Structures are given as structure tokens and as C-alpha cells.
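>>> Task: produce atomic coordinates for the following.
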Amino acid sequence: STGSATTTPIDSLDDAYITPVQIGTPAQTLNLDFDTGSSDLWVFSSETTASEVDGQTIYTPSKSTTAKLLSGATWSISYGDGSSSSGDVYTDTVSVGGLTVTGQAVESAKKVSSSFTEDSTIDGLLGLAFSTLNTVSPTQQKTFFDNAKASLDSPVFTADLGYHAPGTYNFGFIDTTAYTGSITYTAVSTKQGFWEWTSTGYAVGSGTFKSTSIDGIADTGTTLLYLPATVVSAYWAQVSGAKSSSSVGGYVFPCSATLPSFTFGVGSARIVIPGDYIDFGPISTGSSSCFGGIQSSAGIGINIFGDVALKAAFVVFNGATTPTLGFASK
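Numbers count the residues shown, from 1 in each chain. Please find the structure below.
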């Protein structure tokens, strides 16, 4: 089997991407944030504290003839950005782009933090990291991909995120029309539960490539590119007037700037992030200070190849017995 679903930016900055997901019988379609940096499929629901719901579409398990309470199971998750959610668990039928999994754990939120409430466009998350990170207790649950894998034509999914445009998540096949040139594959460590890999270096604009190993995670659920302070300083030094602002929470730059590109290495291959992808717009409405899309990972504890990086590539998440990651230009 295979599946193919379009993923759509939630706003004009590509802050996140939503993908429609069918849950239950009859189908309830929710727009979920597919997150290769976590491993829980959780939804706003009829159980979510009413004051914490503001415009989201909810899953109502009592209206699904295939829903079953997973008795005694609870979940609770905290994300890198400080947001969180928790609740109980149902199993139900879940379909993505025509690919159906029966008995998928659907984690129903009883509580969500303010950032989730305030984002009316995201109805929940669909985790695509390794199932070892799943938070369900006392019986850990599998991700949608893990459940689907054996049925797939090939044990892979691909992320093809758009810049200010829709893109695609495919399951079970590689669309050879969706990228240019060849796909370069690189080793993955699953030791921390992430799609963790090592970039071979970087360049700023038309500058020379610096060969240096940068360990990080491919994370579709993180907006920006978080890299070591040395790398990030080298980038922003090429933008007149750019500076790190403790009050704003990262590097800012004059909105009048033209940003240089940023290149990262995948083995001997190179992925080029155009400068425009690095512009996250005014820090507040009407400001002439703009927020940068490349930020320091210092104090996160891990480098993160978030959407800014991934949307410059066609990315293969290869879930074969020994997982690997593939990147192609597009």
C-alpha cells in the first residue's frame, strides 16, 4: 500500500504545516501537524477542557463506531518550545492520503497548553519519530508509520515541504518526479529516538564550504534551523545590522536586508537554502526589525534541521531495518 497527502502552511510565514487526517468511522477529518521530532498522535477532542479549545476541529470518539477506549492508558508530552498536552487514549482507524491503519492509538487531549489553544489551525500532532519516544503509559504505543510499515510497498515516508506553498507527505514510495538530480543517503542514529544524522558542513552565501560535522535531527515539527553558535554567527555576520537580541529571543536583522543563502552538506552533496527562506518577518506588526530563520541551538542541547532546512529539499525517511535519511534538491 501507499498514501499521499498534501501538507499546507498554516500562515504566510510557514510557521507550521497541516495535513488532513481521517479518524474514525464515519471519518472525522482533523488537520494535524506531522512531526518527525515526536512520536505521539494526539488530537483536540470532545474531552479537551472547553476553555482550552478555540476554533480547532475536535475528535469525538463517542461518534466513531470503531473507537475503543484503551483502558488505563494516559499520555503527557512536553515539547522543545515549552508547550505541552496530556490526556487518555483510544484506538481507532486512521487514514492519511488513502493509507489506512486500524487500531492506531489516538491520544485524546484533556489538557493543552496556551500555544495550542491559541493556534486555531492545528487540530493535533501526528508523530513520525521513533516509537521509543511515545509517551503512552503504562503500555507504549506505536506511531502511524510504525503501524503502517509492514503493509507499505517500501518502508519509507517522504517530506516535500513547500516554501510559502503546499507540499506533500508520501508513505510507501519515492516519487521520482518530485526532485532533481539524485538522492544522497546518510546514516541515522536512533539512540535518542530521533531521525538524527550528521551534516558534513556548511557555506554562507557564495562563500567557501566549511567541512565540519554537525550532528542534528530532521524535525518537520520545528519551524526554524537551529545550529551551533559558531555557524549561526558566521551566517548573520554577512547581514548588515543583524544582531542577537536577548529581548526578542534570537537573531534579528533589518527588514530592508537581502539575506544570503545557506548551504548544508549531506555527504558530498549540498542543499541550498535560499535567503528568502530565512526571513520570518517583522518581530511585531509594523516593525522594521525582522526575525531570522537560522538561530543558535546553544542551550537546546541538540541541533535541529527544522522546516527552514527541510523545505529546501526532498527528504526520504527510510525506516528499513537500519534506518537512513535521504536528501535531494528539488
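
>>> ok, residue 232 - how many residues close by?
Neighbour count for residue 232, taken as other C-beta atoms under 10 Å: 22. Bear in mind the C-beta positions are built from the backbone N, C-alpha and C, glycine included.

>>> Secondary structure of it: a helix, I assume?
Yes: according to DSSP: H, G, I helix; E, B strand; the rest coil, residue 232 belongs to a helix.

>>> Could you report the separation of residue 247 from residue 280?
According to C-beta to C-beta, to the nearest Å, residue 247 and residue 280 sit 16 Å apart.

>>> now swap in residue 37 and tell me
Distance from residue 37 to residue 280, by C-beta to C-beta: 19 Å.

>>> Between these two, tell me which one has more neighbours.
residue 37 (24 against 21).

>>> residue contacts, that one?
80, 127, 129, 194-195, 217, 219-222, 304 (C-beta atoms under 8 Å, 6 or more residues apart in numbering).

>>> Would you mind checking which of these is nearest to residue 22?
residue 127 (17.3 Å; C-beta to C-beta).

>>> For the closest one, give its distance to residue 230.
31 Å.

>>> Show me which of the two is the more surrounded one.
Taking other C-beta under 10 Å, residue 127 and residue 230 do not tie; residue 127 has more neighbours (28 against 11).

>>> Just give me the residue closest to the centre of this protein.
By C-alpha atoms, centre = their mean, the chain has its centre lying nearest to residue 220, at 1.8 Å.

>>> Looking at the contacts of residue 37, which is nearest residue 182?
residue 195 (20.0 Å).

>>> The closest one - how many residues pack around it?
Residue 195 has 26 nearby residues by other C-beta under 10 Å.

>>> The closest residue to it other than its chain neighbours: what's it in contact with?
Nearest non-adjacent residue to residue 195, counting by C-beta to C-beta, 6 or more residues apart in numbering: residue 218, 4.4 Å away. Contact analysis of residue 218 by C-beta under 8 Å, 6+ apart lists 36, 194-195, 197, 305, 310, 315, 317, 325.

>>> among those residues, which are in helices?
Mapping the contacts of residue 218 onto helices (DSSP state H) picks out residue 310.

>>> Go through the contacts of residue 218 and say which is closest to residue 58.
residue 36 (24.7 Å).

>>> What is the neighbour count of that closest one?
Residue 36: 28 neighbours (other C-beta under 10 Å).

>>> Please look at it and residue 195 and confirm they touch.
Yes: the criterion here is C-beta atoms under 8 Å, and residue 36 meets it with residue 195 at 5.6 Å.

>>> Could I get the full set of strands for the stretch 151-300 of the chain?
Remark: strands assigned in the stretch 151-300 of the chain by DSSP state E, counting those that start in this stretch are 156-160, 167-171, 184-187, 196-204, 210-218, 225-227, 243-245, 250-254, 262-266, 269-273, 279-282, 289-292, 294-296.

>>> Of all these, which one is nearest residue 74?
Comparing the strands of the stretch 151-300 of the chain under C-beta to C-beta, the one sitting nearest is strand 210-218, at 26.4 Å.

>>> which one of the contacts of residue 218 has the most neighbours?
residue 305 (31 neighbours).

>>> How about the contacts made by that one?
Here residue 305 is in contact with 199, 216-219, 225, 264 (criterion: C-beta under 8 Å, 6+ apart).

>>> Also residue 220?
So residue 220 contacts 17, 34-37, 128, 159, 161, 306-307, 310 (C-beta under 8 Å, 6+ apart).

>>> is it possible to export the contacts of residue 305 to a markdown table including distance to residue 155?
Shown next, in a markdown table, are the contacts of residue 305 (distance: C-beta to C-beta, whole Å):
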| residue | distance to residue 155 |
| --- | --- |
| 199 | 24 |
| 216 | 23 |
| 217 | 20 |
| 218 | 17 |
| 219 | 20 |
| 225 | 28 |
| 264 | 26 |
